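Data first, discussion second: the structure below is written as structure tokens.
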Amino acid sequence: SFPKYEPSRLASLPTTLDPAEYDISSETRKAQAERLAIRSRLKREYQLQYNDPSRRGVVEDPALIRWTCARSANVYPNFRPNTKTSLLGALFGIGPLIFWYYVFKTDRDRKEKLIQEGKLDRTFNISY
Amino acid sequence: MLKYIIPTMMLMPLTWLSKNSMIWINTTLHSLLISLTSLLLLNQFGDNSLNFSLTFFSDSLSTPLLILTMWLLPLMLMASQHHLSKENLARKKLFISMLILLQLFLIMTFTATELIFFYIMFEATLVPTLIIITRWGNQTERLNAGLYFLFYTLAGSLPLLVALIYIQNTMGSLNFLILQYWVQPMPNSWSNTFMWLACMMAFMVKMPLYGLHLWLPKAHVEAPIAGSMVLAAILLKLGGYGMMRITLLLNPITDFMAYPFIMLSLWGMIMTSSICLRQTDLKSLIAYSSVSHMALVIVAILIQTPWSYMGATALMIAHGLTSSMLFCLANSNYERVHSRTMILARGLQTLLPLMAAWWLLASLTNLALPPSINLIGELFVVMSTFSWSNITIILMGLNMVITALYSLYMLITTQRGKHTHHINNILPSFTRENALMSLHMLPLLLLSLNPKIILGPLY
Amino acid sequence: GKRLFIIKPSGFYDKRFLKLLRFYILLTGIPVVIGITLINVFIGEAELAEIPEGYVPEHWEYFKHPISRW
Amino acid sequence: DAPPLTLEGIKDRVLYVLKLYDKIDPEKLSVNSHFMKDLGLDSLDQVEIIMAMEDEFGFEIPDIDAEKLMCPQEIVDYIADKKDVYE
Amino acid sequence: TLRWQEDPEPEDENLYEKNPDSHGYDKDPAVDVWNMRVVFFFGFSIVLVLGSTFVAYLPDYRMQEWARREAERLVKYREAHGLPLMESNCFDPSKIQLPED
Amino acid sequence: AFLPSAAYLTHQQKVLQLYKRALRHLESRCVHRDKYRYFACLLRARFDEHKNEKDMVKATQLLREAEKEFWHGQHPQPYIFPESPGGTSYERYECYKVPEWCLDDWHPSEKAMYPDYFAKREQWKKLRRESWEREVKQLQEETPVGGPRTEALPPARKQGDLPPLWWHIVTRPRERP
Ligand SMILES: CCCCCCCCCCCCCCCCCC(=O)OC[C@H](COP(=O)([O-])OCC[N+](C)(C)C)OC(=O)CCCCCCCCCCCCCCCCC
Ligand SMILES: CCCCCCCCCCCCCCCCCC(=O)OC[C@H](COP(=O)([O-])OCC[N+](C)(C)C)OC(=O)CCCCCCCCCCCCCCCCC
């Protein structure tokens, strides 16, 4: 009949085709009302601190500094080395190094064994 | 070299005997006189270095670094003369004295004929930067920035000094005018392997090498900007001077040993370019870009071809100037907005047009726009690394995409878009700031016309 | 004629900085280029000649331009 | 290009579009004539009017503000505010 | 009950109100004017243009131009006597004691 | 669901928004005026034939089928107005929306170039700074406990008193500067 548009990582469901909009339980409107109350408090605080003629400076959002502190400074203190983290670190830390080392190594032996036997064409190669 | 050391040690009482409101003017004027005087070092010949005396010499290699150093001091003095207006006068003179002592130790570092003298003042340079970083910073982490910066570098070189002393017991002299003729080949053994490691790891830390680069971003996001410019622009070049003075003695064992160092440098410069692609602070982004540039310089001197040496010296000088002026940009932004977040202050081209022009010129010179000296050095290193092996160009090519991708993006979110509404303290351009920015930018363009003065010791 | 206003940031400081930069570079650039063309038009660039017998030259008598010799 | 419009110009335009609608009789309309009360149309006719005004002025009105303006005078006020008349 | 009694944190001092002609050096206008004149004279008018004039007329860097002239002689020799341009032996091959094989 | 004032979209509003979006996509599908008018009358007649349905759950399921066919039969590139988001000229002229406080940073030698405008600006700023304490007095007693429950700003209840929090909404420049 109609194509079912599947959810994807790069293609989220729309705000209109989601069945979660169209449920009529009471805690849905209670949660929406409390979210609106929180947003109204934050917007009221921003407008009172933002329309002030006396204030000349940056409105210091705690969320921005909180996110920038959580991005870098709060990685090690809540890190515990387990199987997953150590496995991922060993996979992404020494894997590509070994791969590039072996590729460049065998390229070096091939080039050297070509150039000692004179098979490599170096007729005009005088700048190195 | 007594005609530049004595001016520095005689300017030391001048900044100690100056008045309470004329310290900056007198120091800037006399440092600019020393900067003009320093041009006499270019009396260079195609065969012999300008050997001044027994313990002082300066070939075609160290002279651009010296000129950069005592041109860099007045720029640091202008860039650090705003926030120290409320600081006490005695501590202001202490800060200026620390900068003067750092310049003196740097000029004595690049012209030391004996390698022991070079080492001794190369980490006599460690005390003033540590003092400035720990005292005149602006965050708590500066205390941690005094540890990771110190206990890395010394841990690389306390072996190295022993190795240097061993050469004093082996060759009989560590002089560089002698060791160019008394050098013996290095055999393949474990003892020579550890001697190579000890002679390499100190400046590998000081570049920094990837894996050992953790001291660079932690010591840049908090420094006073005089410290940030001296660290990014000239203090990282001590590793390059260590390479081009030490690698003579470490042949031919360097050729079949430096494979993991080159692998680490290439894949770590890829990693740090990717980390620049996902940063939130200006200072950390510039520091990681500096890590990528020094990894490229590491590969350039490790492959040891003449074209690579030309490219390494040109890239070193150009990256020093570009990183110093980028840190000046970031300091102006942090001065105006009192934060280091990239996404906070956006769309400044609508409010500040000349800083937008300097941002554009900085971003253009960062991604090696021809015919700038950055492109000259980067291109020479590219061709030398293609001569080392073919597949390396692939490991270059992605980087040359990524080193553009952030270099404009770091501009764009800071300059283009809708400006932040709740920020209103954006002052217009102070003449001091733009004068500093132009003094950074104009030599970088001028050196493109006559590159032969900064093309290493073998041009 | 409904002449409206466009709000723009103050360009006086940027223009003043540019004027100061241009004036301070021209104040020495004009005498330098005037002196350069005067020595190139009156003092005269040197000429190539072989070394005479029994007469050594000075260390500054091996270059072409008079400014280089000075 | 794009000459500024006065309030009486957009007023003439909105009354013209109202007079060209078959559901509106061309005699009983006013600036404050409510669509459900003075004339007694439906919500669908209100969205029809909103689409007519969107196509006539060549710009998009958001759906919340489409349903909020409920008189021709509110339409005139919103258009005059968005185009910033009397410069 | 307030801990470690400290003065309130000072605001960002602005420079264009007490002096709209300030160039960002200090508060005294004479100090600002003298600092601006000193840097714009001894940084641009003194080091840039005179340094450019010095390095433009620098006396034959590394004898590079000389490297042409003698070479301009040398081929002029060996194109007139049938000699090869350059030889594969950098030094004299008759003045070397070859080791035994 | 996400609104400045409300927290829940009534089914009538959802039906109206579906009608608006579907008819806009229909207009973007058939370009010519006659075909658009004919199919628009057909869609209006369909919504009228399903207008007389007072069952909430039946209109719920009919809305779900309607949204499914609307997403199934929509144009890939719907027509977007040049000033609407997603348009060709969305936020293009925003590079000249310099805020008013940049006039604070002007040099005094240029502030005498337009004397009447700057005098009017300072008296407007005086009006705003004396009305600031009055409007924060207005919010400090009208707001319910625990902050406001909705983001709808109150009007000015007194003659002569300025509207509360009036400045930064009325201060935005013209769209063609
Ligand atoms: C940043 C932290 C890591 C830094 C790593 C630095 C490089 C790693 C290696 C450094 C070794 C120490 C210097 C050795 C210099 C040797 C010079 C030489 O000629 O040697 C030949 C000599 C050879 O012996 P010989 O010369 O006496 O013998 C005569 C010659 N033959 C052999 C023919 C008879 O080597 C040695 O004696 C041993 C060298 C290896 C030393 C191993 C112990 C040290 C291990 C590394 C410790 C590094 C610091 C760790 C802690 C850091 C802080 C937390
Ligand atoms: C040096 C290492 C440390 C770095 C920091 C240094 C700090 C101190 C700085 C001191 C001052 C600067 C010193 C270096 C100066 C370098 C410049 C210099 O003097 O070069 C000498 C060179 C000398 O030229 P030359 O080398 O060819 O001359 C040979 C020498 N003689 C004359 C004796 C035979 O000058 C030039 O090349 C100038 C050329 C003419 C001027 C330019 C004309 C064209 C301008 C652009 C037109 C438009 C083009 C299209 C544009 C399109 C859009 C982009």
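Ordered as shown in the structure tokens, chains take letters A, B, and onward, while each chain numbers its residues from 1 and ligands are numbered from 1 in the order shown.
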>> I need the chain F residues near chain E as a count of residues only; criterion: at most 8 Å, counting only C-alpha atoms.
In response: 3
Contacts with ligand 1 at most 8 Å, only C-alpha atoms and all ligand atoms counted, listed as a tab-separated table (two decimals) with C-alpha atoms, in the first residue's frame:
```
chain	number	residue	atom	x	y	z
B	151	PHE	CA	58.65	16.74	34.07
B	152	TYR	CA	58.27	15.76	30.43
B	153	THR	CA	61.16	17.81	29.04
B	154	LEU	CA	63.72	17.12	31.77
B	155	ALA	CA	62.81	13.42	31.64
B	156	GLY	CA	63.80	13.47	27.99
B	157	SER	CA	67.14	15.16	28.54
B	158	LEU	CA	68.65	13.89	31.79
B	159	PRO	CA	69.58	10.77	29.77
B	160	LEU	CA	70.69	13.01	26.87
B	162	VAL	CA	74.86	11.76	30.03
B	163	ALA	CA	75.09	10.72	26.38
B	164	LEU	CA	76.62	14.10	25.55
B	166	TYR	CA	79.89	10.17	26.88
B	167	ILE	CA	80.76	11.83	23.56
B	190	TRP	CA	72.03	-2.16	21.18
B	191	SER	CA	74.40	0.33	22.82
B	192	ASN	CA	74.26	2.61	19.78
B	194	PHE	CA	70.18	3.41	23.28
B	195	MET	CA	72.61	6.24	22.53
B	196	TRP	CA	70.40	7.22	19.58
B	197	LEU	CA	67.31	7.03	21.82
B	198	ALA	CA	68.94	9.19	24.49
B	199	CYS	CA	70.17	11.74	21.94
B	200	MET	CA	66.77	11.82	20.22
B	201	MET	CA	64.11	11.69	22.94
B	202	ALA	CA	64.77	15.10	24.55
B	205	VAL	CA	59.61	15.63	23.67
B	212	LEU	CA	54.43	12.92	24.13
```
>> Residues of chain E classed as helix (DSSP H, G or I) by DSSP on the backbone are to be reported as a ChimeraX atom specification.
In response: /E:29-42,44-56,61-78
>> Excluding residue 24 of chain E and its own-chain neighbours fewer than 5 positions away, which residues fall within 10 Å of it when counting only C-alpha atoms? Please give them as a list in words.
In response: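 These residues fall inside the cut-off: residues 81, 82, 429, 430, 431, 432 and 433 of chain B; 15, 16, 19, 32, 35 and 36 of chain E.
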Convert the current residue selection to file output with N, CA and C atoms, as a short mmCIF file (atom, residue, chain, number, x, y, z; two decimals), in the first residue's frame.
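The file below, again-v1.cif, is the result:
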```
data_model
loop_
_atom_site.label_atom_id
_atom_site.label_comp_id
_atom_site.auth_asym_id
_atom_site.auth_seq_id
_atom_site.Cartn_x
_atom_site.Cartn_y
_atom_site.Cartn_z
N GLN B 81 51.01 43.90 27.59
CA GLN B 81 51.01 45.17 28.31
C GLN B 81 49.62 45.69 28.63
N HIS B 82 48.57 44.89 28.41
CA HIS B 82 47.23 45.32 28.76
C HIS B 82 46.82 44.84 30.15
N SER B 429 38.59 48.54 17.34
CA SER B 429 39.99 48.13 17.27
C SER B 429 40.88 49.15 17.97
N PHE B 430 41.55 48.71 19.04
CA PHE B 430 42.63 49.50 19.61
C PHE B 430 43.79 49.55 18.63
N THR B 431 44.46 50.70 18.56
CA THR B 431 45.58 50.86 17.64
C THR B 431 46.76 49.98 18.03
N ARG B 432 46.94 49.72 19.33
CA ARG B 432 48.01 48.84 19.78
C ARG B 432 47.82 47.42 19.27
N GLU B 433 46.59 46.92 19.34
CA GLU B 433 46.30 45.56 18.88
C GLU B 433 46.59 45.41 17.40
N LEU E 15 38.15 51.68 28.20
CA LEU E 15 39.15 52.70 27.95
C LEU E 15 38.63 53.85 27.08
N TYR E 16 37.51 53.67 26.40
CA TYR E 16 37.01 54.67 25.47
C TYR E 16 36.09 55.70 26.11
N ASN E 19 38.74 58.35 27.90
CA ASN E 19 39.57 58.87 26.82
C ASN E 19 39.10 58.25 25.51
N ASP E 32 50.16 57.63 25.84
CA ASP E 32 49.61 56.89 24.71
C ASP E 32 50.17 57.40 23.39
N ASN E 35 53.92 56.46 23.11
CA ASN E 35 54.09 55.03 22.84
C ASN E 35 53.70 54.69 21.41
N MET E 36 52.60 55.27 20.92
CA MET E 36 52.17 55.04 19.54
C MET E 36 53.21 55.54 18.55
#
```
>> Taking only C-alpha atoms and all ligand atoms and a cut-off of 9 Å, can you tell me which residues surround ligand 2, written as an MDAnalysis selection string?
In response: (chainID B and resid 35:36 38:39 63:72 317:318 321 439:440 442:454) or (chainID C and resid 64:65 67:68) or (chainID E and resid 44 46:60)
> Could you pull the residues within 12 Å of residue 2 of chain F, counting only C-alpha atoms, minus those fewer than 3 positions along the same chain, as a ChimeraX atom specification?
Replying inline: /A:15,21,32-33,35-36,39 /D:64 /F:5-9
Give me the chain C side of the contact with chain D, cut-off 12 Å, one line per residue showing its nearest atom pair and distance in Å at one decimal, counting only C-alpha atoms, sorted by chain and residue number, as CSV.
```
residue,atom,partner,partner_atom,distance
C:1,CA,D:87,CA,11.1
C:2,CA,D:87,CA,7.4
C:3,CA,D:87,CA,9.0
C:4,CA,D:87,CA,7.0
C:5,CA,D:87,CA,9.4
C:6,CA,D:87,CA,11.7
```
